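Okay, structure first, notes after.
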Amino acid sequence: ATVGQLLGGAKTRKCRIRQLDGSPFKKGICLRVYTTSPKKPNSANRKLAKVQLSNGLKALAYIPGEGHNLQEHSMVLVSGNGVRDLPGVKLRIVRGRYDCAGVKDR
RNA sequence: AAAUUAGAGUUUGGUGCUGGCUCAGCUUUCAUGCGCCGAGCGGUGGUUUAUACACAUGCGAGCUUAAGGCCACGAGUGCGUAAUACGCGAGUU
RNA sequence: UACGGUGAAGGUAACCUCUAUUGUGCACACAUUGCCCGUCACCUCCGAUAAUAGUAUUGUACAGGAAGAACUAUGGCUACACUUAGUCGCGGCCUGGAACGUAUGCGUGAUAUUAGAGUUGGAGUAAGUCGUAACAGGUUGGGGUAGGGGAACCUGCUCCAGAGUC
RNA sequence: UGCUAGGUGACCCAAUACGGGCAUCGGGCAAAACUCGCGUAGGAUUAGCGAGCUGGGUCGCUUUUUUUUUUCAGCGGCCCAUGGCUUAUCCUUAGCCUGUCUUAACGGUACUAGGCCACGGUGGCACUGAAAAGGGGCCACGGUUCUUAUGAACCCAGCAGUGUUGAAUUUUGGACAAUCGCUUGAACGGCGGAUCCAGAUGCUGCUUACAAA
RNA sequence: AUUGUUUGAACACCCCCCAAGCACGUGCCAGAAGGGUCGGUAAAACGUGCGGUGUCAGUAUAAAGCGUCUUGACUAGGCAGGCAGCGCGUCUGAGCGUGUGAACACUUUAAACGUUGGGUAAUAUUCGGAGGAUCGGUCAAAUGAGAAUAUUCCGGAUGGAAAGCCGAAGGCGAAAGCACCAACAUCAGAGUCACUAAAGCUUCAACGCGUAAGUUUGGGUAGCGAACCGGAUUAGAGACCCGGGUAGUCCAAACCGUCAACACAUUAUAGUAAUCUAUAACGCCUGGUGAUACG
C-alpha cells in the first residue's frame, strides 16, 4: 500500500534474562557469600550469592531456605527466578543439588 | 454435507484513560528437585541439541574365475554460501 | 452557684482574625512539614572508549611456485592396413622445455576479536550533606545560542503561553 | 550417456542335446548437464563499484553418422564499442524450501520423516570414469604417536565407545532372515553399523488381581 | 466355557488474581512471592500439625516459542490532547491520476520583495548665554554630576538608531517574517471574461529559504545592554535592584541552519475556515530512566 509501510515490516529475539543466555540452568562457582539490607518497606537481612557462572559472566543470586552451607570455592546450580526486594538481581539458587543441599527438617 | 476470535490482577483519595508487567492456554527438554521403578504389545523422537572440538580400541565394501573383471548407492553434519544455492514456471541444442 | 438595688461609657476604613460563599491554579491526598531538585560522599552494576601484547582473514610489491601443468614437441616405440622380404605408417602408447598455479618472507592495506593500560558517562542504594528549581508558589519559566558564579543556576534577544490571574 | 528386454555371432564356457557369460547392433523409456523468467537477512556509523566493472569482431574453444534443414557460454588470447550497474559493491548473520508448534484467520517461530545443495581436520591439483572422489592418488599446512631424530604412520561432521565444556546427552548388542543396494549363471550363494530387530532415554496410545479350562 | 471381593502415592497449593483455613511458633528477625505484597507482637502468605482444593505415577520450579498482545495495527493502533506532523518550500523518484494546473485582457489589493534619493517626534555629546545647590534614582536606602556650574533652559553643530500616533481578535505572505516616505523595480494573491484539454497530487533522494545569537573582515557609532569595579532585603551574595559601561545590537560580504521555528491541527483532492471524516503520497512513535561517547 503505502510503500514505507511495505518496507516497514528478523529482530533481536531477546532473552528476557540475559545472564542464563537462553538456557534455563547454568552452574558456577560462588565468588562471595554475603548478605545485604533490602529496600523499604522490607528490612530483613536477605542472604545473596555472587557467582562466577558457567558463561564467564557474573550476577547476584538469591539464597533460599533456612540457612545454607555455602562458602568460598563452592559450586551451585543457578535457576531463573528473581528476588524483587533489591533491584537488578534476577537469580535463584535451586536446592536439591551440590554443596548447597536441603535444610534440616523442611 | 464448508466445523470459524475467553480474560483477570496490577498505578490512584477514588473514577476514566495510557501502555507495560504477571497469571490462567498449548507445545517443548535424558532441564532441576521430590516418588514409584510390576510386566507386555507398540508408536515415535533425539540434529552428542553445542565442538566443522582431540580421538583409545573394535567393526563399517567387498564380491568373483597368483592374475584380471565389478565396488560415485547408502550414513553423517551445516563450516562456507544472501546466490552456478533452493523453490516455482516455461522451453531445451 | 443564685437574686435583685443602683448603672453609663461607648460602633465601621481589610481594620488582623475565625470561617463561610465562591471561582480562578498544583506534579498535594500520609492532603505544601507534601511531590520533589542537583554538585558531590563510601560502595556496587552493564556501558562508552582506548595507547597497545597481539593473534584470525584477504589485496598488492617481488623471490618463488611443490605436486600439477594450457601450450610446445615428430627424440621416440609399436601394431591396424597396404607394400611378394626391412618398407611404410593419416592413427594408439613415450625422454623432453614452458606461460600459469597453493601453502610460504621481510614490506605495506582491510575487516574482526577478546586481553587492557586509562578516562568518562548512565543506573542503583535507609538514615554523610548545601541551597530553594518545581506547585496561587513567591525574580514568570523555557525549546533556542553564547557569557559569569564553592553549589541550586542567572545575564540578553524573537517565540510559546503547556505559570498565575484581573 | 545409463539401464532393461530383443537380434546376431569363423568367439569362450556348459550340454546324453542346448543355456549362460563375452562382443556388436538396434527398439523402449530414462537420467544427467546447461541456459533463462521471478522470489529472497539487515546495516548508510556500506556510496561509488581498485575492474574487464557489461557488450561487438577475431580465433582457441579436442569427431562425420538416415531423406528438403540442423549443433551453447568470456571459459582463455587478441583487437576493439566505451560502457555496465547504481541496495552497485562492502560488512556481519544465516544452509534453503516444505515442514512441526501456535493463532480464529492473516502471520510468527526449535524438531518430525523426506526434497535439494554444500562439506568431509585445512588448502591446492590430477588420473580413470559418461559423470569424482566421506575408510581412492600426489604435495603443502595443523594436530597425535615413535625414532638409535634421519623420517615415517594416522585424520570418526560412519556405528558403538572414550575425554573436555555442558543442566543434559545411549549399548564398545545381535543378524543378513524381511527389504533395498553391491556382487556372483549352481547353491533361499557372499557382504552391508543402510536397514531390520533388540537395549538405555524425553514424549505419547494401550493394557494390566491372582487362581483355574 | 470357571469362580471370590476392595478408592494410592505422591507433589504443589490453600490473602486477591486462583479452588482451598485454622491452630501453636517468631514478631520488619527467621522468612516466603509471578504480580499487589505479608510480617513493625493477637501472621487466613513465614516454623510445624490438623483440615481442604487441584493433577495423579506424576507434580511443581526454571527456561523457550507462539498467543493474550490491536504490544509494529494488511485484516487491526495511531500521531493538538499520554509517546507520535520533519521549521518551511522547490521538487522529472516510486505510487495514485477523466472538471485540476497554468499564460492573456480588465476589476480590485497592501507592513509582499531588493535598490537609489530625501525627511522625522526623538536621542546623547558639544559651543557661547540665564541661573546658583540640587539632580540621578528607588518599597526603601548607595558610588557619583557639582563649588571647575549639576537637573534644566536658550539657540547652534554632530551623527545615526528607530519609525513614536496611525494600527486593529487588520492585511500581505510558503515559512521565518514584513510597520519613515517618494521613485525605480520584480512579483504575488482574489473576482469577471475568454484560451488549454491532465501538463495534475506527493517529495524517498537532492537542493534552497531560514527570527535571533556566534565567528572572520573593515571601521566608527544617537540610544540599547554581557564584563570590570561600587553599594544594597540577608550570615557569607557572585543574582534580583540601584551605577557607570566594553564586544555585540548599526552597516556591507561570507560561514553556521540547529529551536514549545505551534493550527503543537503533514500536504493535496473531494464535501459546509475542523479536532465531522473517505482517500493519494508521505514523515514520525512503540512502557520509563537511559541520547551521551565513537564513527
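So you can find residues: chains in the C-alpha cells are A, B, ... in the order shown, residues in each start at 1, and ligands are numbered from 1 in order.
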
List every residue of chain A that DSSP, applied to the backbone of this structure, assigns to alpha helix (DSSP H), and report them as a PyMOL selection string. chain A and resi 3-6

Give me a file of those residues, with N, CA and C atoms, as a short mmCIF file (atom, residue, chain, number, x, y, z; two decimals), in the first residue's frame.
```cif
data_model
loop_
_atom_site.label_atom_id
_atom_site.label_comp_id
_atom_site.auth_asym_id
_atom_site.auth_seq_id
_atom_site.Cartn_x
_atom_site.Cartn_y
_atom_site.Cartn_z
N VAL A 3 4.24 2.56 0.66
CA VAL A 3 5.39 1.68 0.42
C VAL A 3 6.39 1.80 1.56
N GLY A 4 6.31 2.89 2.33
CA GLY A 4 7.07 2.97 3.56
C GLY A 4 6.63 1.95 4.58
N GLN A 5 5.34 1.64 4.60
CA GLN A 5 4.86 0.58 5.46
C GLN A 5 5.19 -0.78 4.84
N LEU A 6 5.28 -0.83 3.51
CA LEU A 6 5.65 -2.07 2.81
C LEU A 6 7.07 -2.48 3.15
#
```

Give me the residues of chain A that have any atom at most 8 Å from an atom of chain E; for each, the nearest atom pair and the distance in Å, rounded to one decimal. Use only C-alpha atoms (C1' of nucleotides), sort by chain and number, and format it as a tab-separated table.
```
residue	atom	partner	partner_atom	distance
A:2	CA	E:281	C1'	7.8
A:9	CA	E:72	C1'	7.6
A:22	CA	E:63	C1'	7.1
A:23	CA	E:63	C1'	6.0
A:24	CA	E:63	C1'	4.0
A:25	CA	E:62	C1'	7.0
A:41	CA	E:28	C1'	7.7
A:42	CA	E:28	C1'	6.1
A:43	CA	E:28	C1'	5.4
A:44	CA	E:28	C1'	6.1
A:66	CA	E:30	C1'	7.2
A:79	CA	E:62	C1'	5.7
A:80	CA	E:62	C1'	5.4
A:81	CA	E:62	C1'	7.2
```

Residues at most 10 Å from residue 155 in chain C, counting only C-alpha atoms (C1' of nucleotides), excluding those fewer than 4 positions away in the same chain, as a VMD selection string? (chain C and resid 147 to 148) or (chain E and resid 226 239)

For those residues, write N, CA and C atoms (P, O5', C5', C4', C3', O3' and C1' of nucleotides) to a file as a PDB file, in the first residue's frame.
```pdb
ATOM      1  P     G C 147      31.178  30.754  25.517  1.00  0.00           P
ATOM      2  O5'   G C 147      31.131  32.204  26.212  1.00  0.00           O
ATOM      3  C5'   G C 147      31.544  32.318  27.588  1.00  0.00           C
ATOM      4  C4'   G C 147      31.084  33.643  28.145  1.00  0.00           C
ATOM      5  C3'   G C 147      30.950  33.688  29.667  1.00  0.00           C
ATOM      6  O3'   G C 147      32.184  33.958  30.317  1.00  0.00           O
ATOM      7  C1'   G C 147      28.966  34.506  28.703  1.00  0.00           C
ATOM      8  P     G C 148      32.806  32.861  31.291  1.00  0.00           P
ATOM      9  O5'   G C 148      32.934  33.594  32.712  1.00  0.00           O
ATOM     10  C5'   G C 148      32.684  35.009  32.800  1.00  0.00           C
ATOM     11  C4'   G C 148      31.802  35.293  33.991  1.00  0.00           C
ATOM     12  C3'   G C 148      31.794  34.216  35.077  1.00  0.00           C
ATOM     13  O3'   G C 148      32.904  34.327  35.956  1.00  0.00           O
ATOM     14  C1'   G C 148      29.569  34.802  34.548  1.00  0.00           C
TER      15        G C 148
ATOM     16  P     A E 226      22.923  44.005  31.039  1.00  0.00           P
ATOM     17  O5'   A E 226      23.948  43.057  30.265  1.00  0.00           O
ATOM     18  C5'   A E 226      25.169  42.614  30.899  1.00  0.00           C
ATOM     19  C4'   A E 226      25.700  41.368  30.227  1.00  0.00           C
ATOM     20  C3'   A E 226      26.853  40.659  30.927  1.00  0.00           C
ATOM     21  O3'   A E 226      26.506  39.869  32.050  1.00  0.00           O
ATOM     22  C1'   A E 226      27.375  40.852  28.655  1.00  0.00           C
ATOM     23  P     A E 239      26.766  38.116  39.107  1.00  0.00           P
ATOM     24  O5'   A E 239      25.256  37.730  39.438  1.00  0.00           O
ATOM     25  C5'   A E 239      24.205  38.690  39.234  1.00  0.00           C
ATOM     26  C4'   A E 239      22.851  38.079  39.514  1.00  0.00           C
ATOM     27  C3'   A E 239      21.740  39.084  39.805  1.00  0.00           C
ATOM     28  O3'   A E 239      21.091  39.437  38.586  1.00  0.00           O
ATOM     29  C1'   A E 239      21.672  37.221  41.329  1.00  0.00           C
TER      30        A E 239
END
```

Residues of chain B no more than 8 Å from chain A, counting only C-alpha atoms (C1' of nucleotides): send them over as an MDAnalysis selection string. chainID B and resid 31:33

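With only C-alpha atoms (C1' of nucleotides) as the atoms that count, the minimum distance from chain A to the choices D:93, D:54, D:172, D:148 is reached by D:93.
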
Quote the spacing between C1' of residue 89 in chain B and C1' of residue 97 in chain D in Å to one decimal place. 16.2 Å

Give me, as number ranges by chain, the contact residues of chain D against chain A at a cut-off of 12 Å, counting only C-alpha atoms (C1' of nucleotides). D: 41-42, 93-94, 107-109, 165-168

So that I can see what lies close to range 31-34 of chain D, please list as a PDB file with C-alpha atoms (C1' of nucleotides), in the first residue's frame the residues with an atom at most 8 Å from it, counting only C-alpha atoms (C1' of nucleotides) and leaving out residues fewer than 5 positions away in the same chain.
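The result, stored in out15.pdb:
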```
ATOM      1  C1'   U D   1      25.450 -41.128 -21.612  1.00  0.00           C
ATOM      2  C1'   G D   2      22.950 -45.104 -18.258  1.00  0.00           C
ATOM      3  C1'   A D 131      29.832 -38.032 -14.704  1.00  0.00           C
TER       4        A D 131
END
```

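Using only C-alpha atoms (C1' of nucleotides) for every distance, the candidate list A:71, A:12, A:37, A:55 yields A:37 as the residue closest to chain C.
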
Find the spatial neighbours of residue 18 in chain A, counting only C-alpha atoms (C1' of nucleotides), within a cut-off of 12 Å - ignore same-chain residues fewer than 2 positions away - and output them as a VMD selection string. (chain A and resid 13 to 16 20 to 24 55 57 to 59 80 88 to 91) or (chain C and resid 46) or (chain E and resid 63)

Residue list for chain C near chain A as number ranges by chain, 9 Å, only C-alpha atoms (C1' of nucleotides): C: 45, 124-126

Å distance separating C1' of residue 10 in chain E from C1' of residue 55 in chain E, one decimal place: 10.8 Å

List every residue of chain A that DSSP, applied to the backbone of this structure, assigns to strand (DSSP E or B), and report them as a VMD selection string. chain A and resid 26 to 36 46 to 53 58 to 62 74 to 79 91 to 93

Can you pull out the residues contacting range 19-26 of chain E? Cut-off 6 Å, using only C-alpha atoms (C1' of nucleotides), and skip same-chain residues under 4 positions away; I want them as a PyMOL selection string. chain E and resi 14+44+52-53

Mind dumping the selected residues with C-alpha atoms (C1' of nucleotides) as a PDB file, in the first residue's frame?
```pdb
ATOM      1  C1'   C E  14      -4.782 -23.105  50.263  1.00  0.00           C
ATOM      2  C1'   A E  44      -6.251 -16.639  56.857  1.00  0.00           C
ATOM      3  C1'   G E  52      -9.294 -28.895  52.479  1.00  0.00           C
ATOM      4  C1'   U E  53      -8.584 -27.878  46.664  1.00  0.00           C
TER       5        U E  53
END
```

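Here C1' of residue 166 in chain E is placed at a distance of 22.6 Å from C1' of residue 123 in chain E.
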
Could you name the residues that touch range 263-270 of chain E at 12 Å or less, counting only C-alpha atoms (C1' of nucleotides), but leaving out those on the same chain fewer than 6 positions away, as an NGL selection string? (:C and (160 or 162)) or (:E and (79-81 or 84-86 or 88-89 or 96-97 or 100 or 200-203 or 277-284))
